[PDB]
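Source file: entry-v7.cif. Holds: mmCIF, C-alpha atoms.
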```cif
data_data
loop_
_atom_site.label_atom_id
_atom_site.label_comp_id
_atom_site.auth_asym_id
_atom_site.auth_seq_id
_atom_site.Cartn_x
_atom_site.Cartn_y
_atom_site.Cartn_z
CA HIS A 1 91.43 152.14 22.88
CA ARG A 2 89.09 149.74 21.09
CA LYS A 3 86.75 150.73 18.26
CA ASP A 4 84.53 149.07 15.63
CA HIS A 5 85.27 145.84 17.50
CA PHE A 6 83.31 143.05 19.19
CA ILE A 7 83.28 142.55 22.95
CA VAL A 8 82.79 138.94 24.08
CA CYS A 9 81.91 138.17 27.70
CA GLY A 10 82.77 134.68 28.81
CA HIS A 11 85.20 131.83 28.24
CA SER A 12 82.77 129.01 27.54
CA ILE A 13 83.18 126.77 24.46
CA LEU A 14 80.58 128.82 22.61
CA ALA A 15 82.45 132.06 23.45
CA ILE A 16 85.90 130.77 22.49
CA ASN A 17 84.79 129.44 19.12
CA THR A 18 82.87 132.62 18.39
CA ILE A 19 85.99 134.66 19.14
CA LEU A 20 88.06 132.44 16.85
CA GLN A 21 85.47 132.59 14.06
CA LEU A 22 85.40 136.36 14.40
CA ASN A 23 89.21 136.60 14.24
CA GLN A 24 89.19 134.39 11.13
CA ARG A 25 86.89 136.93 9.45
CA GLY A 26 89.31 139.75 10.15
CA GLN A 27 87.28 141.21 13.01
CA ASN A 28 88.76 142.70 16.17
CA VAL A 29 87.62 141.10 19.42
CA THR A 30 87.98 142.15 23.06
CA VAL A 31 87.27 139.42 25.61
CA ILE A 32 86.32 139.89 29.27
CA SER A 33 86.94 136.92 31.56
CA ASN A 34 86.55 136.44 35.32
CA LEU A 35 89.02 133.56 35.22
CA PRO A 36 91.96 133.38 37.70
CA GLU A 37 95.32 134.97 36.84
CA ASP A 38 96.68 131.54 35.92
CA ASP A 39 93.71 130.62 33.71
CA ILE A 40 93.73 133.90 31.78
CA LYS A 41 97.16 132.83 30.50
CA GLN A 42 95.96 129.50 29.12
CA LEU A 43 93.06 131.38 27.49
CA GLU A 44 95.18 134.07 25.83
CA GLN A 45 97.35 131.32 24.32
CA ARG A 46 94.22 129.31 23.50
CA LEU A 47 93.17 132.33 21.41
CA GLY A 48 96.27 133.50 19.60
CA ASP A 49 98.80 136.27 19.09
CA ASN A 50 96.41 139.24 18.86
CA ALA A 51 94.43 138.22 21.96
CA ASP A 52 92.94 141.17 23.85
CA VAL A 53 91.73 139.58 27.10
CA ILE A 54 90.60 142.01 29.83
CA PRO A 55 90.64 140.15 33.18
CA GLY A 56 87.60 141.33 35.11
CA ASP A 57 83.86 141.15 35.75
CA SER A 58 81.47 142.00 32.93
CA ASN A 59 78.61 142.75 35.36
CA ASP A 60 80.60 145.87 36.30
CA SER A 61 79.93 148.74 33.91
CA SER A 62 83.35 150.30 34.45
CA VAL A 63 85.05 147.30 32.85
CA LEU A 64 82.53 147.50 30.01
CA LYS A 65 83.42 151.16 29.38
CA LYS A 66 87.08 150.22 29.54
CA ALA A 67 86.49 147.38 27.04
CA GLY A 68 85.05 150.03 24.74
CA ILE A 69 81.32 149.32 24.59
CA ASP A 70 80.87 152.91 23.42
CA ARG A 71 82.61 152.20 20.11
CA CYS A 72 81.97 148.48 19.52
CA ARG A 73 79.88 146.87 16.78
CA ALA A 74 78.13 144.73 19.39
CA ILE A 75 78.57 143.08 22.76
CA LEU A 76 78.19 139.31 23.10
CA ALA A 77 77.06 137.71 26.39
CA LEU A 78 78.26 134.15 25.87
CA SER A 79 79.09 132.60 29.21
CA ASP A 80 77.68 129.43 30.75
CA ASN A 81 75.78 131.48 33.37
CA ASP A 82 72.49 132.90 32.08
CA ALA A 83 72.13 135.24 35.02
CA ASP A 84 75.44 136.94 34.09
CA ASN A 85 74.45 137.04 30.39
CA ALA A 86 71.10 138.67 31.20
CA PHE A 87 72.90 141.24 33.34
CA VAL A 88 75.62 142.01 30.75
CA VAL A 89 72.72 142.87 28.48
CA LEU A 90 71.06 145.06 31.14
CA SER A 91 74.28 146.91 31.91
CA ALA A 92 74.84 147.62 28.20
CA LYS A 93 71.29 148.86 27.63
CA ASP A 94 71.88 151.11 30.66
CA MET A 95 75.10 152.58 29.27
CA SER A 96 74.51 153.32 25.61
CA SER A 97 71.08 152.01 24.52
CA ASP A 98 71.89 151.92 20.81
CA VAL A 99 74.60 149.29 21.37
CA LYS A 100 73.76 145.95 19.77
CA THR A 101 73.50 143.00 22.13
CA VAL A 102 73.70 139.29 21.50
CA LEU A 103 72.90 136.71 24.15
CA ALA A 104 73.33 132.94 24.15
CA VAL A 105 71.34 130.82 26.62
CA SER A 106 73.05 127.99 28.49
CA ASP A 107 69.77 126.50 29.75
CA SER A 108 66.97 126.46 27.17
CA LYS A 109 64.52 126.69 30.10
CA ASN A 110 65.57 130.30 30.68
CA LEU A 111 64.69 131.41 27.15
CA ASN A 112 61.44 133.18 28.08
CA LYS A 113 63.19 134.84 31.00
CA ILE A 114 65.96 136.42 28.93
CA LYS A 115 63.36 137.49 26.36
CA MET A 116 62.45 139.98 29.12
CA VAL A 117 65.79 141.83 28.99
CA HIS A 118 65.18 142.45 25.26
CA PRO A 119 68.50 141.55 23.58
CA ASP A 120 68.76 142.33 19.84
CA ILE A 121 69.85 138.75 19.12
CA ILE A 122 69.20 135.52 21.04
CA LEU A 123 70.96 132.22 20.44
CA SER A 124 69.86 128.99 22.18
CA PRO A 125 72.34 126.41 20.78
CA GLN A 126 70.03 123.47 21.54
CA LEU A 127 66.81 124.89 20.12
CA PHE A 128 68.42 126.60 17.13
CA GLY A 129 70.19 123.38 16.20
CA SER A 130 67.19 121.16 16.74
CA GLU A 131 64.95 123.38 14.58
CA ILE A 132 67.48 123.45 11.75
CA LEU A 133 67.99 119.69 11.99
CA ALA A 134 64.22 119.16 11.78
CA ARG A 135 63.94 121.26 8.59
CA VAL A 136 67.00 119.82 6.84
CA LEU A 137 65.90 116.25 7.57
CA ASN A 138 62.43 117.15 6.34
CA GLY A 139 63.93 118.19 3.00
CA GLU A 140 62.89 121.80 3.55
CA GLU A 141 65.25 124.47 2.27
CA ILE A 142 66.34 127.15 4.70
CA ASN A 143 67.13 130.47 3.06
CA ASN A 144 68.97 133.35 4.66
CA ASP A 145 65.79 135.16 5.72
CA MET A 146 64.59 132.08 7.60
CA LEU A 147 67.90 131.69 9.39
CA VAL A 148 68.21 135.32 10.52
CA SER A 149 64.57 135.18 11.63
CA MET A 150 65.46 132.44 14.16
CA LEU A 151 68.15 134.72 15.63
CA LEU A 152 66.59 138.16 15.68
CA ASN A 153 64.43 138.94 18.69
CA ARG B 1 56.54 102.17 11.97
CA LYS B 2 57.61 103.02 8.43
CA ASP B 3 59.02 106.09 6.63
CA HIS B 4 59.60 107.63 10.07
CA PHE B 5 62.36 109.03 12.28
CA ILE B 6 63.90 107.31 15.27
CA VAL B 7 65.35 109.47 18.03
CA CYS B 8 67.62 107.83 20.62
CA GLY B 9 67.84 109.96 23.75
CA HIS B 10 65.79 112.24 25.98
CA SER B 11 68.11 115.21 26.34
CA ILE B 12 66.92 118.78 25.73
CA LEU B 13 68.23 118.66 22.19
CA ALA B 14 66.40 115.35 21.61
CA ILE B 15 63.04 116.53 22.91
CA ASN B 16 63.04 119.71 20.87
CA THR B 17 64.13 117.87 17.72
CA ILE B 18 61.21 115.46 18.22
CA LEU B 19 58.78 118.35 18.81
CA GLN B 20 60.12 120.19 15.73
CA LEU B 21 59.82 117.04 13.63
CA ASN B 22 56.22 116.50 14.79
CA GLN B 23 55.29 120.12 14.06
CA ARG B 24 56.59 119.54 10.51
CA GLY B 25 54.17 116.61 10.36
CA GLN B 26 56.76 113.82 10.59
CA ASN B 27 56.26 110.63 12.59
CA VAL B 28 58.85 109.91 15.28
CA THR B 29 59.72 106.85 17.40
CA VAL B 30 61.62 107.68 20.58
CA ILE B 31 63.83 105.21 22.46
CA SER B 32 65.02 106.04 25.98
CA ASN B 33 66.46 104.33 29.07
CA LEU B 34 64.32 106.31 31.52
CA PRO B 35 62.55 104.50 34.45
CA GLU B 36 58.85 103.60 34.09
CA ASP B 37 57.80 106.80 35.91
CA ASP B 38 60.03 109.15 33.92
CA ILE B 39 58.86 107.52 30.68
CA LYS B 40 55.29 108.56 31.49
CA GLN B 41 56.31 112.17 32.13
CA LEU B 42 58.20 112.13 28.81
CA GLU B 43 55.22 110.90 26.82
CA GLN B 44 53.10 113.72 28.24
CA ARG B 45 55.72 116.31 27.25
CA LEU B 46 55.69 114.96 23.69
CA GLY B 47 51.95 115.22 23.11
CA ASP B 48 49.32 112.63 22.17
CA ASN B 49 51.32 111.09 19.30
CA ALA B 50 54.09 110.09 21.75
CA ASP B 51 55.46 106.75 20.48
CA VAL B 52 57.99 106.00 23.24
CA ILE B 53 59.77 102.61 23.34
CA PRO B 54 61.43 102.19 26.77
CA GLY B 55 64.60 100.23 26.08
CA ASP B 56 68.30 100.28 25.26
CA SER B 57 69.46 101.96 22.05
CA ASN B 58 72.69 99.93 22.09
CA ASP B 59 70.69 96.71 21.74
CA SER B 60 70.14 96.13 18.01
CA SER B 61 66.95 94.21 18.80
CA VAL B 62 65.22 97.30 20.21
CA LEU B 63 66.38 99.11 17.09
CA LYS B 64 64.60 96.50 14.95
CA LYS B 65 61.53 96.87 17.20
CA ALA B 66 61.72 100.63 16.55
CA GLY B 67 61.79 100.02 12.81
CA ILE B 68 65.24 101.06 11.62
CA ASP B 69 64.78 98.86 8.57
CA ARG B 70 62.05 101.23 7.38
CA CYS B 71 63.04 104.61 8.88
CA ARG B 72 64.03 107.87 7.17
CA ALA B 73 67.04 108.24 9.43
CA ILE B 74 68.09 107.42 12.96
CA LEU B 75 69.16 110.23 15.28
CA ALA B 76 71.60 109.79 18.20
CA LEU B 77 70.82 112.76 20.43
CA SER B 78 71.47 111.77 24.05
CA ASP B 79 73.84 113.55 26.46
CA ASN B 80 76.22 110.57 26.40
CA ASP B 81 78.64 110.52 23.46
CA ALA B 82 79.52 106.86 23.97
CA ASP B 83 75.91 105.82 23.57
CA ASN B 84 75.50 108.07 20.48
CA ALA B 85 78.58 106.62 18.80
CA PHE B 86 77.40 103.08 19.54
CA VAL B 87 73.92 103.74 18.14
CA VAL B 88 75.62 104.83 14.92
CA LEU B 89 77.81 101.70 14.81
CA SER B 90 74.76 99.55 15.55
CA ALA B 91 72.87 101.14 12.65
CA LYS B 92 75.74 100.63 10.20
CA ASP B 93 75.77 96.98 11.21
CA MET B 94 72.14 96.43 10.17
CA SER B 95 71.15 98.44 7.10
CA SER B 96 74.36 100.20 5.99
CA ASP B 97 71.84 102.24 3.99
CA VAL B 98 70.17 103.93 6.97
CA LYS B 99 70.97 107.65 7.32
CA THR B 100 72.72 108.43 10.61
CA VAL B 101 72.59 111.66 12.57
CA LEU B 102 74.69 112.35 15.64
CA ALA B 103 74.80 115.30 18.05
CA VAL B 104 77.96 115.79 20.12
CA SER B 105 77.33 116.37 23.83
CA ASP B 106 80.95 117.24 24.59
CA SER B 107 82.83 119.24 21.96
CA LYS B 108 86.09 117.55 23.00
CA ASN B 109 84.70 114.25 21.65
CA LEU B 110 84.30 115.59 18.13
CA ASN B 111 87.39 113.96 16.64
CA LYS B 112 86.72 110.59 18.14
CA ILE B 113 83.08 110.47 16.96
CA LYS B 114 84.03 111.19 13.33
CA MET B 115 85.75 107.79 13.42
CA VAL B 116 82.35 106.05 13.46
CA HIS B 117 81.49 108.00 10.27
CA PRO B 118 77.95 109.27 10.86
CA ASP B 119 76.20 110.87 7.84
CA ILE B 120 75.43 114.05 9.79
CA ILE B 121 77.19 115.58 12.77
CA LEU B 122 75.63 118.36 14.80
CA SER B 123 78.00 120.05 17.29
CA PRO B 124 75.55 122.61 18.81
CA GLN B 125 78.17 124.96 20.29
CA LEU B 126 80.34 125.01 17.18
CA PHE B 127 77.43 125.25 14.75
CA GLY B 128 75.82 128.11 16.66
CA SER B 129 79.06 130.02 17.20
CA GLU B 130 79.99 129.71 13.53
CA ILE B 131 76.58 131.00 12.42
CA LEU B 132 76.80 133.91 14.84
CA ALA B 133 80.24 134.84 13.45
CA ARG B 134 78.90 134.69 9.86
CA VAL B 135 75.83 136.82 10.60
CA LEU B 136 77.74 139.40 12.64
CA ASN B 137 80.33 139.53 9.84
CA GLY B 138 77.49 140.55 7.50
CA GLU B 139 77.48 137.34 5.40
CA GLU B 140 74.37 135.72 4.02
CA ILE B 141 73.85 132.04 4.56
CA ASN B 142 71.96 130.10 1.89
CA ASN B 143 70.51 126.61 2.20
CA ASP B 144 73.56 125.05 0.54
CA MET B 145 76.08 126.58 2.93
CA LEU B 146 73.93 125.64 5.88
CA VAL B 147 73.58 122.03 4.76
CA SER B 148 77.33 121.81 4.15
CA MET B 149 77.93 122.69 7.80
CA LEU B 150 75.84 119.66 8.80
CA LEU B 151 77.06 117.11 6.27
CA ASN B 152 79.94 114.96 7.46
#
```
Please go through the file and, once you have read it, give me the structure as structure tokens.
Amino acid sequence: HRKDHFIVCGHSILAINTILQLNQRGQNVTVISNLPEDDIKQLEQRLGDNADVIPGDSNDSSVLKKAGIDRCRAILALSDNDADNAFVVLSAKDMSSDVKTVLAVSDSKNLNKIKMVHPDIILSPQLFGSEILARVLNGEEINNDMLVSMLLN
Amino acid sequence: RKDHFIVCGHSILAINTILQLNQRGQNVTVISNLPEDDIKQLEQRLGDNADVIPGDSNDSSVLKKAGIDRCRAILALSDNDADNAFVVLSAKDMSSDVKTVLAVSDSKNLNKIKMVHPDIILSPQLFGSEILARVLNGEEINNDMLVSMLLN
């Protein structure tokens, strides 16, 4: 029974570090991974002692309900497959509606495509980082409102 | 070629950093190892100001041709971490005053690239994940905190 927690879909480098950063801030995280029985083990240890890894498929809404999407703070589609991330978002919008969704893009080319599934937050690691680099090198100061603006869709 | 930026690479990160720098009004000199044909396609994707020097970033003579002696900073943004680390070393061998920026293609290479001491290190996956965590945790990120994440 998970509540007021974050659900992370995926086991990519972006997903793992986001889970760790969330744990470090005292947040509860529930991970869903389609990895093999053997790999789930290496991942649970890769994460820590309070690792809540639900072996399964996030495209399936029954696993999402199980993971607790009804009581989470947000669901994060962070795998290296943009088709699965786009779908995780669709499934979620189809279950609750008011649930907050975050989606990271693996291939910057797909950005306009995922815009179509309307996630609350979109993160393209390559474009976000390049835009920030451009500003910082240009001596421009980036305040909090500018940063959040590059994330909110 | 003075008071400008030099980007070594033609990866997705490289191209968008060049585009973003141009939009901010900054001049940029791009060096890539792409074949004659691919070079042409690259210049067209970078607009009319496309200053593309087909060559080898590891060769300090192409770096001089690109104007590292008079640049604002040199950016190592290709998808090959060996080449990015070498570009940095090359730069520190010429000016030792030239600002170096390096983007890690493979997160596992982070520790080994810190050994070449670049001025700025951008690990896209780590940077992005950390900012997501912060924002979802309700924190506010000010320019100082952001910069700190980039400074090596």
*Enumerate, as a VMD selection string, the residues matched when the PyMOL selection byres ((chain B) within 6 of (chain A)) is run on the file above.*
chain B and resid 13 17 20 to 21 124 to 125 128 to 129 133 140 to 143
*Between atom CA of residue B:94 and atom CA of residue B:70, what is the distance, to one decimal in Å?*
11.5 Å
*What does the distance between atom CA of residue B:88 and atom CA of residue A:105 come to in Å, to one decimal place?*
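Pair atom CA of residue B:88 / atom CA of residue A:105 returns 28.8 Å.
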*Using the chain letters and numbering of this document, enumerate as a list in words the residues selected by the PyMOL selection byres ((chain B and resi 119) around 10).*
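Written out, the selection comes to residues 73, 88, 98, 99, 100, 101, 102, 114, 116, 117, 118, 120, 121, 150, 151 and 152 of chain B.
Rounded to one decimal, atom CA of residue B:122 and atom CA of residue B:74 lie 13.4 Å from each other.
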_Residue members of the PyMOL selection byres ((chain A and resi 2) around 10) in the file shown, as an NGL selection string_ = :A and (1 or 3-7 or 28-30 or 52 or 66-72)
Output file for the selection above: C-alpha atoms, as a PDB file, in the coordinates of the input:
```pdb
ATOM      1  CA  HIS A   1      91.430 152.140  22.880  1.00  0.00           C
ATOM      2  CA  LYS A   3      86.750 150.730  18.260  1.00  0.00           C
ATOM      3  CA  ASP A   4      84.530 149.070  15.630  1.00  0.00           C
ATOM      4  CA  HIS A   5      85.270 145.840  17.500  1.00  0.00           C
ATOM      5  CA  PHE A   6      83.310 143.050  19.190  1.00  0.00           C
ATOM      6  CA  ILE A   7      83.280 142.550  22.950  1.00  0.00           C
ATOM      7  CA  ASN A  28      88.760 142.700  16.170  1.00  0.00           C
ATOM      8  CA  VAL A  29      87.620 141.100  19.420  1.00  0.00           C
ATOM      9  CA  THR A  30      87.980 142.150  23.060  1.00  0.00           C
ATOM     10  CA  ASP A  52      92.940 141.170  23.850  1.00  0.00           C
ATOM     11  CA  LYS A  66      87.080 150.220  29.540  1.00  0.00           C
ATOM     12  CA  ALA A  67      86.490 147.380  27.040  1.00  0.00           C
ATOM     13  CA  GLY A  68      85.050 150.030  24.740  1.00  0.00           C
ATOM     14  CA  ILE A  69      81.320 149.320  24.590  1.00  0.00           C
ATOM     15  CA  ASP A  70      80.870 152.910  23.420  1.00  0.00           C
ATOM     16  CA  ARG A  71      82.610 152.200  20.110  1.00  0.00           C
ATOM     17  CA  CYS A  72      81.970 148.480  19.520  1.00  0.00           C
TER      18      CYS A  72
END
```
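Nearest to residue B:48 of all the residues B:137, B:27, B:34, B:127 is B:27, counting all atoms listed in the file.
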_Give me the residues near residue A:53 as an MDAnalysis selection string, where near means some atom within 8 Å (using only C-alpha atoms) and where sequence neighbours in that chain fewer than 2 positions away do not count._
chainID A and resid 30:33 40 44 51 55
_stretch 54-67 of chain B surroundings by only C-alpha atoms, 8 Å radius, close-in-sequence under 3 positions cut, as a PyMOL selection string_ = chain B and resi 1-2+6+8+29+31-34+36+39+70-71+83+86-87+90-91
*For residue A:111, which of A:63, A:89, A:82, A:50 is the closest residue, counting all atoms listed in the file?*
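Comparing A:63, A:89, A:82, A:50 against residue A:111, the winner is A:82.
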Padding 4 Å on each side, edges along x, y and z: where is the centre of the box around the listed atoms of stretch 109-117 of chain A, and how long are its edges in Å to one decimal? Output it as AutoDock Vina command-line options.
```
--center_x 63.7 --center_y 134.3 --center_z 28.7 --size_x 12.5 --size_y 23.1 --size_z 12.6
```
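For the choices A:85, A:153, A:106, A:96, the atom-to-atom distance to residue B:12 is smallest for A:106 when using only C-alpha atoms.
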